[PDB]
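Just below is one structure, and these are the notes that go with it.
All of this is worked out from the model, or read from it or from the source named; none is laboratory data. Here Cβ is always computed from backbone atoms with ideal geometry, including for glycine, and neighbour counts include all displayed protein chains.
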There are 2 protein chains.
Amino acid sequence: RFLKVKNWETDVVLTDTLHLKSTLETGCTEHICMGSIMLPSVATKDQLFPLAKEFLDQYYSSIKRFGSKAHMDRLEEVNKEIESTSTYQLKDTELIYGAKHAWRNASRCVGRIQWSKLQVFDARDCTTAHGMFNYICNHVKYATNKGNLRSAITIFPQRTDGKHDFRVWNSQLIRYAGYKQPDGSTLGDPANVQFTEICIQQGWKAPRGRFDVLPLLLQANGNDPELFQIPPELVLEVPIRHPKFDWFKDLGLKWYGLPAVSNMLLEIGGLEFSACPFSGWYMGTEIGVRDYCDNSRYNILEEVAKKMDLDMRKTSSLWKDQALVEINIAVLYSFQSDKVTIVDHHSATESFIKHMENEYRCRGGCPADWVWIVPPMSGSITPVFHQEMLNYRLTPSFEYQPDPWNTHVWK
Amino acid sequence: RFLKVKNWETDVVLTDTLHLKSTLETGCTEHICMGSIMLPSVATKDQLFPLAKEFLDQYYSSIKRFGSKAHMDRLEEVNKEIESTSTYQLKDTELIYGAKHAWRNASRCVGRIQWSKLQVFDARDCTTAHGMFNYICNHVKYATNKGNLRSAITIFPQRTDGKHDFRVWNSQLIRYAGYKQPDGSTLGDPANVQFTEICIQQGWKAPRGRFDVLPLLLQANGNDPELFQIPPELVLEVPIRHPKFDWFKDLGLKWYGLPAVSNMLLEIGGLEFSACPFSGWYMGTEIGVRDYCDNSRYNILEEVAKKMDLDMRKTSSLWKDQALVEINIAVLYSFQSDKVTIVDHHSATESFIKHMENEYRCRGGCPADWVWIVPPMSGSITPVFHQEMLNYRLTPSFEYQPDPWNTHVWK
Ligand code: HEM
Ligand code: HEM
Ligand SMILES: C[C@H](O)[C@H](O)[C@H]1CNc2nc(N)[nH]c(=O)c2N1
Ligand SMILES: C[C@H](O)[C@H](O)[C@H]1CNc2nc(N)[nH]c(=O)c2N1
Ligand SMILES: Cc1cc(N)nc(CCCN2CC(F)(F)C2)c1
Ligand SMILES: Cc1cc(N)nc(CCCN2CC(F)(F)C2)c1
Ligand SMILES: [Zn+2]
């Protein structure tokens, strides 16, 4: 009831009692562990008040005014509005608290040491896709800050009935296009090949190349989504060069500075925000390892090995490993030489251990998903490999949600 | 009740029903996942027959003689012996089946594609530590096979009362010594520093160097353990050289060929074999990544980076990553040039996916621990990173057990 997690590199032990507050289910049972399953899995007025109460109790118990008169009135105020409207609206302060704690509770995120430095943009007055585009453009501009990246989230109106949903259809605000070829292979990013074709379906004019920034597909109040192009001056890009290999420029790779997830659902006090694009800065491995070297992504281990003069005949020459380190030295070096914020997986994972210690002390725990926290290269030379982690589901939270083109009732 | 695991690199799906046969508990609950906890946690005659029955049912249902007369007599035969003796003895065939399936069920093992090619040595007639040494020496000789390594296990008498236990006190049959210094630092292997001092306590004469093979500490029928030196001609060693860097020989590293775990417990039909040393061959990363580059092991990233001419000032130069690839190219290259069996993490993890497909088809599943299957470097460029895995506990099994010096009643 007071579980211990050990670090086996430092012998440091920490005690978790935060997991007691946990509410949702993980997927695992007493007899099966599902910690390597990727995506394991309308609202009525009865369900809503315990969720509002639970949330309001921790918000006021965090501004040191637990259960006071100011609390109990807000508790009464929300109850009455859930009676009247069968839903309710968050105060601006409650929205900012909820958002920051959805990120704080995100067990799959290695960057949460920054969770309280989050800029919250309140777009709950938005009504059209054009307003969404406008809000999103101001988000991109603000978070990018000329390469001195700043963390941010923009929150569109909450789900009401279910058939009037705000959705950003892109999985990220800035992604490169993916075109399959007549000869079967793929130009650009294979991940987005279906999304690239949805944009052409609704009317996009593709400049069929490699790193073509996709347009936004924005759905407002359930209406069919509409295409908008981010002004290119707002899409900051880093050309990737190596600090040794001058042929590396000829590879002709580049990446966008701003990681901005737009397909997830923010849950606050039982309210569901179906469009809540949120952005930080990249850990280098996300680009250099997964984006560039995943077999079903850009898949560049082939060509980088070639130009490095590598023994590619044998599996056990580790040519794949060797070209992979060089690629991530190049991503890092390019971002820093351009004053574009980026963190290496050693600095990020050390910061997360430091974050874990802060959380266990002044919070009694830190939900953490080892499968996702450990970086996708050099796992055991980073301190998170050696750190036991309890995973559990706290609210407020970011949740996955179906792709909107499978669920929308089109017209 | 018929769960699906997906591979996200190939989109291949497999259905698990083997997990239904699972019996033991994992540590996880509906509300907490413990898949990154390292070690999560006398026998009476009532408990013993269901365990014997369960085991005998699957043994006969595997030689295509489920529930026949030959089965039901053995079922009756064991019941009567559990009445008579409050325990029982396995047939030689049952011992070999049980052992091979303990390995087959070992969810943390990436090498299980070889599980049916296991050589079982029956040491249940052993009575003294000298007999144990003799059995163990024949095990080392057989499994090493002049570098053409062969998988093997030696099974000493089963636990009876609890105070008459056979134990190998070494955690592995062949390990290097670890000496702390007066100036605090460590020569040899820091993992074994306490065990190195237990040997000196019982009378070992340490040649205080680096790669000093430790002696065996063998406990027989609960008696205090005794020291024995493996004849050095039976300890095959690989000197580690690089196929580019001739200064790499000057590093003066070497490793033993034979990975042989000796501190675990083999459970078969509810019988407990407290001494069951088992050996295979190395995956290169176990040496080059964990043994050599763990901070609290040999910790050689420091010196390899130096001689490579590396930017060691900054964290984000990835000097640690770069020296790590070279070290594992050297481990691999040395073992193969000496005709000593070794597998690279690309070949081993591809073989394990292939193994998983075989298991899901002709067995309905494969218990697998992602946290341990994914190699400790280059995780996502190997196919196991992208493969969902269900972890569950099947029997027969290898289980962890306390170190014998914490539990023994000495005299
Ligand atoms: C500030 C810099 C940040 C860094 C360095 C960082 C790092 C990461 C990384 C490496 C992942 C794994 C993503 C993947 O492998 O696909 C991740 C996941 C995640 N991050 Fe963070 N992150 C940052 C900011 C944020 C912010 C500002 C939020 C929310 C407001 C956030 C919420 C999440 C969530 C919900 C996930 C899970 C995504 C999923 O499950 O698909 N992160 N983060
Ligand atoms: C044949 C070549 C083999 C290879 C390449 C191999 C590979 C591995 C690796 C890399 C690990 C993780 C160990 C670690 O990181 O400390 C492991 C664990 C394990 N292996 Fe295998 N193995 C082999 C043979 C065997 C055999 C013959 C058995 C049993 C008869 C076995 C049973 C186990 C067990 C029980 C574990 C878990 C150890 C623990 O939890 O501490 N392995 N194996
Ligand atoms: C099968 C496995 O769950 C899947 O590949 C996960 C593994 N861990 C991950 N970790 C991170 N950070 N990102 C990912 O996409 C994944 N993918
Ligand atoms: C904290 C974590 O459970 C621990 O470091 C594990 C991680 N995965 C591992 N995987 C393997 N193969 N071997 C290990 O020793 C470990 N250690
Ligand atoms: C805010 C943020 C920062 C960062 N550094 N990284 C991410 C994750 C990028 C997208 N990930 C693919 C997925 F959908 F699984 C989530 C998000
Ligand atoms: C048979 C075998 C083969 C192999 N290739 N590797 C191992 C594991 C070596 C020891 N491991 C450290 C631990 F105790 F955790 C288990 C065992
Ligand atoms: Zn679990």
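At a glance:
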| quantity | calculated |
| --- | --- |
| Residue list for segment A:330-352, restricted to those being surrounded by fewer than 19 Cβ atoms within 10 Å (Cβ to Cβ) and farther than 20 Å from A:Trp255 by Cβ | A:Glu350, A:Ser351 |
| Selected residue [crowded, with 22+ Cβ neighbours inside 10 Å and in the same structural domain as B:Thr341 (by CATH)] from B:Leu253, B:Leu216 | B:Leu253 |
| A:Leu56 vs. criteria away from ligand 2 (no atom under 16 Å from the Cβ), more than 8 Å from chain B (Cβ to nearest Cβ) and under 23 Å from A:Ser274 (Cβ atoms) | yes |
| Residue that is within 23 Å of A:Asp122 (Cα to Cα), outside any helix (DSSP H, G or I) and under 27 Å from the mean Cα position of the chain (by Cα), where the choices are A:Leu95, A:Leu56, A:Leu51, A:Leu90 | A:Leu90 |
| Of residues in segment B:30-48 being away from ligand 4 (no atom under 16 Å from the Cβ) and under 27 Å from the mean Cα position of the chain (by Cα), the one nearest to B:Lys163 (Cα to Cα) | B:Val42 |
| Residue in segment B:298-312 that is of a type outside the set (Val, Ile, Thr), within 12 Å of ligand 2 (Cβ to nearest atom) and assigned to a helix (DSSP H, G or I) present | no |
| A:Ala70 vs. criteria assigned to a helix (DSSP H, G or I) and closer than 30 Å to A:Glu350 by Cα | no |
| Of all residues in segment A:384-403 being closer than 29 Å to A:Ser274 by Cβ and touching a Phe, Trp or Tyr at 6+ places or on another chain (Cβ under 9 Å), the one that is nearest to the other protein chains (Cβ to nearest Cβ) | A:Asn391 |
| Residue ID - nearest to the other protein chains (Cβ to nearest Cβ), chosen from residues in segment A:298-314 that are crowded, with 16+ Cβ neighbours inside 10 Å and within 20 Å of B:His386 (Cβ to Cβ) | A:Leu301 |
| From B:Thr29, B:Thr23, residue being surrounded by fewer than 15 Cβ atoms within 10 Å (Cβ to Cβ) and facing another protein chain (nearest Cβ under 9 Å) | B:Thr23 |
| The lone exception for A:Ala323 - which of (1) of a type in the set (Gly, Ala, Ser); (2) buried (at least 21 other Cβ atoms within 10 Å of the Cβ); (3) outside any helix (DSSP H, G or I) it fails | (3) |
| Tally, over segment B:352-402, of residues that are more than 11 Å from ligand 2 (Cβ to nearest atom), among the polar types (S, T, N, Q) and not in a loop (DSSP other than H, G, I, E, B) | 4 |
| Residue in segment B:265-283 that is of a type outside the set (D, E, K, R), in contact with an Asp or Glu (Cβ under 9 Å, 6 or more places away or on another chain) and facing another protein chain (nearest Cβ under 10 Å) present | no |
| Which listed residue is within 14 Å of chain B (Cβ to nearest Cβ), more than 16 Å from ligand 6 (Cβ to nearest atom) and not charged (D, E, K, R), from A:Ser107, A:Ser116, A:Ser68, A:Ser151 | A:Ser107 |
| Flag if B:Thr15 is among the hydroxyl-bearing types (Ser, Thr, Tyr), crowded, with 19+ Cβ neighbours inside 10 Å and over 28 Å from B:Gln89 (Cα atoms) | no |
| Members of segment A:32-45 that are surrounded by fewer than 16 Cβ atoms within 10 Å (Cβ to Cβ) and within 7 Å of another protein chain (Cβ to nearest Cβ) | A:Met38 |
| Residues located in segment B:335-351, provided they are more than 23 Å from the chain's Cα centre (by Cα) and either within 12 Å of another protein chain (Cβ to nearest Cβ) or outside any loop (DSSP other than H, G, I, E, B) (or both) | B:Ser337 |
| Count of residues meeting criterion [more than 10 Å from every other protein chain (Cβ to nearest Cβ) and more than 13 Å from ligand 5 (Cβ to nearest atom)] in segment A:352-383 | 14 |
| Hits in segment B:253-278 - residues which are under 30 Å from B:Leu332 (Cα atoms) and under 14 Å from the mean Cα position of the chain (by Cα) | B:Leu258, B:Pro259, B:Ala260, B:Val261, B:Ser262, B:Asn263, B:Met264, B:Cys276, B:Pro277, B:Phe278 |
| Tally, over segment B:1-48, of residues that are of a type in the set (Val, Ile, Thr), assigned to a loop (DSSP other than H, G, I, E, B) and away from ligand 7 (no atom under 14 Å from the Cβ) | 6 |
